[PDB]
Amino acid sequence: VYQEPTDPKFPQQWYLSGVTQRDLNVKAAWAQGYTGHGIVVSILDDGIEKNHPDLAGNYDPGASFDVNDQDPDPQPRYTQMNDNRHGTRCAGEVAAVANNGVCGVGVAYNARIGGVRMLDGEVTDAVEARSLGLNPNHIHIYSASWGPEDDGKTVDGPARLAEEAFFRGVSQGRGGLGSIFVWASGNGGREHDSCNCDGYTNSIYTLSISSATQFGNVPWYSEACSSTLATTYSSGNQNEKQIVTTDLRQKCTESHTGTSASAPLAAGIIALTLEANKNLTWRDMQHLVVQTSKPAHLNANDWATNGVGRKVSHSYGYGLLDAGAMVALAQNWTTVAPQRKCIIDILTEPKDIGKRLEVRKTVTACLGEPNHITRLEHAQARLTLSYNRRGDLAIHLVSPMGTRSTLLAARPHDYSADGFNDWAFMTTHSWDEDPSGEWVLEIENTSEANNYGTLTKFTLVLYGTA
């Protein structure tokens, strides 16, 4: 009985609905009756053209603000180069108006969309914190297609205020259910960047989203890491189609590309999911993604089955998001038990790294204590170490059930001699596994050079339930 969008460009939105069965299965969600009605999504970016013919109808002033110029109007700053068209393109992916004879449609075409202009100026910690913490009780989902530089040699993340904003968000946002933070995993593929060296994507508070090309391949810009949760389609080579969305100056574009286009699609699917079940917490949402994401159709050389039988890849997380499955599972979902946190400091003495270091430790996962965990969610390996050439290192973490998470792959451009200072490498690959047993940390020098350094701290942090 459901009638799909009549928008002129909808047929070109191959990733939403297609006969080729290689899409995000969004029409199946719309058919079940979910279009994002009642949900509020905010695009933290370079502004939003609120008067765009395909956005005005869903624009929400309450989900918007201009942090760069300190005013409530997020209108982009126009320039000959159209530098500030990025936020508008991301906004259209999430909630472009449907059946209005203009461009295409958003994943959640009935959702309310707002924008925070915060990238067009000095992006300070305060600027970030005010954006992430904007109207936490009105906005449900925050989408961010930006982050630290992808030169493949930086290690950076949120400063204190932004961290506090994230924490306040998941704790108090949405009436205590927790703000949903969707993050683009990065465009550093050509520089061999790792998204675990990015504190925003690496955070347990954000759903880090990677990309897949139309033909199901790992895009050139893609960054691999264990913190990524799932994937949505984006651009690839010139024989592959790209993302169709709203563009600056009230135009329509069929060339929105890179990691930037994936997070918004995920944000849209999550909006449909919240409509299906408004009581889902920030953790419930991550559980739904893990359970419903599909690897099939995605090519990668590292697909591996984890301890609970799910396929995972460092390029895709658990695979492609499936909107129909997301909204279906959401309706019947029982809120997960309170989050427990088990801290296990592993080292009893510093360890020389040399050419290779292996640290084994059998843990009980806080057995007999209030934070005993039998069903893992995120896991962090907080490492502090010195090394002469950081990029030559490759670090792996093996769970008791045999799941190998590569916390850090070699980064050829990273010649830093600063090592890691209590950096929290995170992995989503052992989700739902029993964490008790022997964990193994492996640090190896991937180069032939005679490198040297010392691992002075290894703290294993487990999050989960019993």
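Each residue number is its position in the shown sequence, starting from 1.
Visitor: On average, are the C-alpha B-factors higher in 312 to 320 or in 359 to 367?
Guide: Higher mean C-alpha B-factor in the PDB entry: 359 to 367.
Visitor: Mind pulling up the entry and telling me whether 388 to 396 or 219 to 227 has the higher mean Cα temperature factor?
Guide: That would be 388 to 396.
Visitor: In this PDB entry, which of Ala325, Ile346, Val290, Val94 has the top CA B-factor?
Guide: Spelled out: the listed residue with the top C-alpha B-factor is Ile346.
Visitor: Kindly indicate the residue among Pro350, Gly176, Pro136, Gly106 with the greatest C-alpha B-factor in the PDB record.
Guide: The listed residue with the largest C-alpha B-factor is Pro350.
Visitor: By its CA B factor, does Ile43 count among the lowest, middle or highest third of the modelled residues in the chain?
Guide: Answer is lowest: the recorded C-alpha B-factor places it there.
Visitor: Would you mind ranking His372 by its C-alpha B-factor against the rest of the chain and naming the third, lowest, middle or highest?
Guide: Its C-alpha B-factor belongs to the highest third of this chain's values.
Visitor: Tell me, lowest, middle or highest third: where does the Cα B factor of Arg77 rank within its chain?
Guide: Middle third of the chain for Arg77's C-alpha B-factor.
Visitor: Quick check on the deposited entry: does the C-alpha B-factor of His37 sit in the lowest, middle or highest third of its chain?
Guide: According to the entry, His37 has a C-alpha B-factor in the chain's lowest third.
Visitor: Per the entry's values, where does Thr305 land by CA temperature factor relative to the rest of its chain, in the lowest, middle or highest third?
Guide: Highest third of the chain for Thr305's C-alpha B-factor.
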